[PDB]
Amino acid sequence: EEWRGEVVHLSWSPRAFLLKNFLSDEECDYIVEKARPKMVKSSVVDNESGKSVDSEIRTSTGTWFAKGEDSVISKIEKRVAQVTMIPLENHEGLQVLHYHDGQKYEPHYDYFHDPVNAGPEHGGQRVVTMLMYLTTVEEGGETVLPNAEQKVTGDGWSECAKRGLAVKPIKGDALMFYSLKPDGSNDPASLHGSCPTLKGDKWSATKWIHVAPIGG
Ligand SMILES: O=C(O)c1ccnc(C(=O)O)c1
Ligand SMILES: [Zn+2]
Ligand SMILES: [Zn+2]
């Protein structure tokens, strides 16, 4: 339910907020261990040939959990609803990803479902995304926002990260960022990616949250 913790304001363009210690270590491990045997390489069906091929855009492995999948996930899902102030009926289920060994997600918008996403196709417009880091990544793996106002600088950031505002994955933290402005218009500043993971293993769980109930 209701969560009490440190929020770091990252940006107004796009609106981005870092929720410190949003998940416990135990919850992070639970999701990773539940997801692990289910992970498959990110793939899309190539239109021309009509064949399944590895995505060149999201090169992680991936899976999904249904909203309300089980009790432990359900609890987190209610917490996500509380901090975003948007009811559960508008939330997709968890998208779990694992990147390592150079794997990335090229910058894109979360405005709509993408064929690369594991799980069902949900029509509808996302307003907000929550990205929950399930592991701490030693090198690379930053979530980068290239159209943000203030780029990150200095040693300790991957070259990819220095192309925008960037967030280092730290176990238990969650990045909340808005794809739409408060008036429902698109925010082009919400372009975001996952910089290649260079050392370690990046596990993340994404919650995509719509302006209106999913389906139903
Ligand atoms: O894992 C990430 O950092 C990331 C970056 C951009 N997009 C997503 C997503 O799942 O939408 C996840
Ligand atoms: Zn995204
Ligand atoms: Zn690995």
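We count residues from 1, following the sequence as given. One-based numbering, in listed order, for ligands and for the atoms of each.
- Restricting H108 to its N, O or S atoms, the one at the least distance from the Zn ion (ligand 2) is NE2.
- Residue-ligand proximity, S204 to ligand 1, at heavy-atom distances under 4.0 Å covers atoms 1 (O).
- The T143 neighbourhood of ligand 1 comprises atoms 2 (C), 3 (O), with distances under 4.0 Å to a heavy atom of that residue.
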May I have the step-by-step check of side-chain contact (heavy atoms from CB on, under 4.5 Å) for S74 and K78, ending in yes or no? CA-CA 6 Å; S74 288; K78 285 161 185 138; 4.3 Å; yes
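- Residues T63 and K38 have side chains that bring a donor and an acceptor to within less than 3.5 angstrom of each other.
- Under a cut-off of 6.0 angstrom, the local environment of CZ in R79 is crowded, with over 12 non-hydrogen atoms contributed by other residues, nucleotides or ligands.
- Nearest to atom 9 (C) of ligand 1 among the protein's heavy atoms is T206 OG1, 3.6 Å.
- Considering just the N/O/S atoms of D201, the one nearest the Zn ion (ligand 3) carries the name OD1.
- Closest to atom 6 (C) of ligand 1, if we only count protein heavy atoms, is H192 CD2, 3.0 Å.
- For the Zn ion (ligand 3), the nearest N, O or S atom contributed by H100 is named ND1.
- Taking the ring axis of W157 as reference, the NZ or CZ atom of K168 stays within 45° of it and closer than 6.0 Å to the ring centre.
- Side-chain atoms of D187 and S190 include no donor-acceptor pair closer than 3.5 Å.
- Ligand 1 has an N or O atom lying under 3.5 Å from an N or O atom of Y99, backbone or side chain.
- Results of the side-chain hydrogen bond (donor to acceptor under 3.5 Å, both in side chains) test with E92 over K207, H113, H210 single out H210 as the only residue that passes.
- Looking only at protein heavy atoms, the nearest one to atom 12 (C) of ligand 1 is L131 CD1, 3.7 Å.
- Among the atoms of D101, none of the N, O or S atoms falls under 2.8 Å from the Zn ion (ligand 3).
- The local environment of CG in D183 is crowded, with over 12 non-hydrogen atoms from other residues, nucleotides or ligands closer than 6.0 Å.
- Residues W64 and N117 have side chains that never bring a donor and an acceptor to within less than 3.5 angstrom of each other.
- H98 lies apart from the Zn ion (ligand 3) in this respect, since none of its N, O or S atoms is found at a distance under 2.8 Å.
- The nearest heavy-atom contact from the protein to atom 11 (O) of ligand 1 is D110 OD1, 3.0 Å.
- Distances between N or O atoms of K202 and those of ligand 1 include at least one value under 3.5 Å.
- Look at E142 and you'll find every heavy atom at least 4.0 Å from all atoms of ligand 1.
- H9 and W12 have tilted rings, their planes meeting at an angle from 30° to 60° on a 0 to 90° scale.
- Contact atoms of ligand 1 toward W208: 9 (C), 10 (O), 11 (O) (distance under 4.0 Å to a heavy atom of the residue).
- At a 4.0 Å cut-off, at least one heavy atom of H108 sits close enough to ligand 1 to count as contact.
- Judged by distance alone, the side chains of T143 and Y133 do bring a donor and an acceptor atom under 3.5 Å apart.
- Judged by distance alone, with hydrogens and angles left aside, the side-chain atoms of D173 form a donor-acceptor pair with the main-chain N or O of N21 at under 3.5 Å.
- The N, O or S atom of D110 with the smallest distance to the Zn ion (ligand 2) is OD1.
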